[PDB]
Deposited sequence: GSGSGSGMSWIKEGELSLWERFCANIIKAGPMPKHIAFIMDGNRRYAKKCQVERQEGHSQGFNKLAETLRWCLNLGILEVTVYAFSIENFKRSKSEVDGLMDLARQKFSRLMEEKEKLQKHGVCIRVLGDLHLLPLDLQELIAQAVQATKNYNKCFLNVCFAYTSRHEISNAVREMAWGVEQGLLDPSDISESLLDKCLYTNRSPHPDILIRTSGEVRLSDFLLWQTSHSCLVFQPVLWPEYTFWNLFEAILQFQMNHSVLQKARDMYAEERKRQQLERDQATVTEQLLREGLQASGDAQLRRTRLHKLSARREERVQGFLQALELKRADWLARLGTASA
């Protein structure tokens, strides 16, 4: 449920444009270890996670991504690192056994990262859960475990060389879209707001590709102390620059599309420069030549994406 004041402003904020995707960097768990040993704070941080999910669910925020584990967090204390694994196993064990209850409300969970760094059982639980919870269309939560944006894009990068090495795509078909469609978050759309708690003001290798035009919201509160008003202030800030960021996104699009068209029409002429043909257009030699080029890249890339899913779906089995 929500408070009267909380349900009031929600209806008021729901007037204007609303964020369809909001991502959270939950920081400052360690700083709240005042009179707490340190894994007691992390436990409290997971509670405010579920609390904040109630809120976004109340607010009609459809999709939410969270930074649960960075690969950089591997260099932490073995006691503290093993302490995160215990909790990772704990809450995930609650995801199972509490099945079907999760089927009632249309919620799906996706673990995003390079999963080969975790202990086998964690891989199993994570894969167990995501396979079960998939094909649920009302609500979506992306949890980032063992994730860095740097690792992410390098993985999306090597997976498209896979395609050229597999004869499914050719390097001409490589684009911002192709690269866009091969990150772990390809099921999600790009986040509308990024929120990071504590006085820190850096991105920490979190979704650098997908939040290049998202609204950045940094707040001095420690995350365990997160309130609904902390969340409300972010949507407030988001709605202010919505017109700018919309227009900003709307012009990058047109430019990249126009620039892609200028380049595409160029190489069609380069081949027409050879072979002695003329770029006349008299009987649409270049017009059909470019027309076919779009499809051959469209069909060849489209198949690569279907192949990449089948590849990724096979790992879900085990």
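ask   = Tell me, which runs of residues in the deposited sequence have no coordinates at all?
value = Gaps in the modelled chain, taken against the deposited sequence, lie at 1-14, 51-52, 335-340.
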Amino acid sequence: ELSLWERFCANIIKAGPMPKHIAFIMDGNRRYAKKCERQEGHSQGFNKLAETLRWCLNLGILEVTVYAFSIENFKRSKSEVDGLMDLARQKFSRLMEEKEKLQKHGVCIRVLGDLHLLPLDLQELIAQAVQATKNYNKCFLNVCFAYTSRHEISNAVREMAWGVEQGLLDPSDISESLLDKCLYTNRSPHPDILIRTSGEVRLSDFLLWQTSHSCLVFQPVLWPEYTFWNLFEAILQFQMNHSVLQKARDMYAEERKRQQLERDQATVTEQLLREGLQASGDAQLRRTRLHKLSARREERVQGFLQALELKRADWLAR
From here on, numbers count along this sequence of modelled residues.
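Basically, rigid core = biggest C-alpha set you can superpose within 1.5 Å across the two forms.
task = After fitting on the rigid core, pick out whichever of 307-315 or 2-10 shows the bigger RMS C-alpha deviation in 7 other deposited structures of this protein.
result = Result of the core-fitted comparison in 7 other deposited structures of this protein: 307-315 deviates more.
message = Out of 270-278 and 37-45, which one drifts farther from the shown form in 7 other deposited structures of this protein in terms of CA positions, with the fit done on the rigid core?
response = Once the core is superposed, the stretch further away in 7 other deposited structures of this protein is 270-278.
ask   = Which is it among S93, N142, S243, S212: the one with the largest CA B-factor in the entry?
value = Reading the PDB entry, the winner on C-alpha B-factor is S93.
ask   = Which third of the chain does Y136 land in by C-alpha B-factor: lowest, middle or highest?
value = Its C-alpha B-factor, which the entry lists for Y136, ranks in the highest third among residues of this chain.
request  = Sorting the chain's modelled residues by C-alpha B-factor, tell me whether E275 ends up in the lowest, middle or highest third.
outcome  = Tercile = highest for this residue's CA B-factor.
ask   = Taking the entry's C-alpha B-factors for this chain, is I235 in the lowest, middle or highest third?
value = Its C-alpha B-factor belongs to the lowest third of this chain's values.
request  = Could you look up the Cα B-factor of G106 in the entry and say which third of the chain it sits in: lowest, middle or highest?
outcome  = For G106, whose C-alpha B-factor we compare with every modelled residue in the chain, the answer is the highest third.
ask   = If you rank every modelled residue in this chain by C-alpha B factor, which third holds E100: lowest, middle or highest?
value = According to the entry, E100 has a C-alpha B-factor in the chain's highest third.
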